[PDB]
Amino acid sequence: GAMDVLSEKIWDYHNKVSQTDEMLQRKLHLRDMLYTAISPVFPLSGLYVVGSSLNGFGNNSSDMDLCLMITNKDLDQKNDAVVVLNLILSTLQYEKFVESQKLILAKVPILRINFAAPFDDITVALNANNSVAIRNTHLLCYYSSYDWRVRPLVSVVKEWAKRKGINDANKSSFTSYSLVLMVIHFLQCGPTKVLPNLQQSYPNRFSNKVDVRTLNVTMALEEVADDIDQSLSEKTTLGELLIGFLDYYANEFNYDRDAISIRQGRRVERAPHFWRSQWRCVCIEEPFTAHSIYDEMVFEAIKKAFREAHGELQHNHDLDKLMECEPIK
């Protein structure tokens, strides 16, 4: 119940749940096993790890999302990607270490894979040739790395929201990925400037134009003249960033008028890039290329949940009380 112990217990919780190095190593070994199974069918292909497992924002129970790159040409996802995933399904079924498979229709078709022990705690989501996920993973991984407070803030926002039933992978539009963009937006456009607009500051590193086989994954970021005054930023504690996050979305953000763009570094007036709608109300632009009357009920529950979380945490500074909330009716 004091701003220093709020900060540290945010940090502590993050450390309890964040993806361990052992877990990442087991995932990369598993990926190697899958690639040797797939390579007789696609000999020049590459199997990329994308999303949570590599973007810095994943926990010790995240899927291994994989992106099989085969061609620099576009591959149609409605029809052709289904043939490729089904062909790969056929090939993986003869493998002893593969236990079950299933073709899911997400935003793109997705081959979902589970495994025999000792890998039976890792699920794999494999997509065919969608290089946009590689660019995306790459960009978030530098947002994740830019400032030490970013990842533990995201860990706790994610878990709070899970417990309030606001982040739920079984329900459409109830995404964890969006929450990440919402945090990155806040850290760019809230009271404390913790993050720059990396797409504007380093359009060379993150260009939509660059072949993903030349993406820079080994060099730190050079500094930029006056895009983040990083010691004014450091006056703000972790604890207060969480409170500020709950405050901004509960009491400042106007979901009817405003939208979120990470690529532009600002909120925009709802007026080539796809826009997501988290819970069908929070319109959010992907960095890379009117409402149902029944949505309104759910909207009001979302906003309420935020108002309550901000009230609670601002008052008692108590992370375990915040996290001891219960879901949404």
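Don't overthink the numbering: it's just position in the shown sequence, from 1.
The modelled chain is continuous from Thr36 to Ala37, since every residue of the deposited sequence in that stretch has coordinates. Comparing 76-84 with 221-229, the higher mean C-alpha B-factor in the PDB entry belongs to 221-229. For the pair 152-160 and 125-133, the mean B factor over Cα atoms is greater in 152-160.
Among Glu296, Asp32, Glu285, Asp63, the highest C-alpha B-factor in the deposited entry belongs to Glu296. Among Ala290, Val41, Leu54, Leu68, the highest C-alpha B-factor recorded in the PDB entry belongs to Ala290.
Annotation for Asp168: CA B-factor lies in the middle third of the chain's modelled residues. When the modelled residues of the chain are ordered by C-alpha B-factor, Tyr94 sits in the highest third.
The entry lists a Cα temperature factor for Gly46 that places it in the lowest third of the chain's modelled residues. For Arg112, the recorded CA temperature factor ranks within the lowest third of the chain's modelled residues.
Annotation for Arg205: CA B-factor lies in the middle third of the chain's modelled residues.
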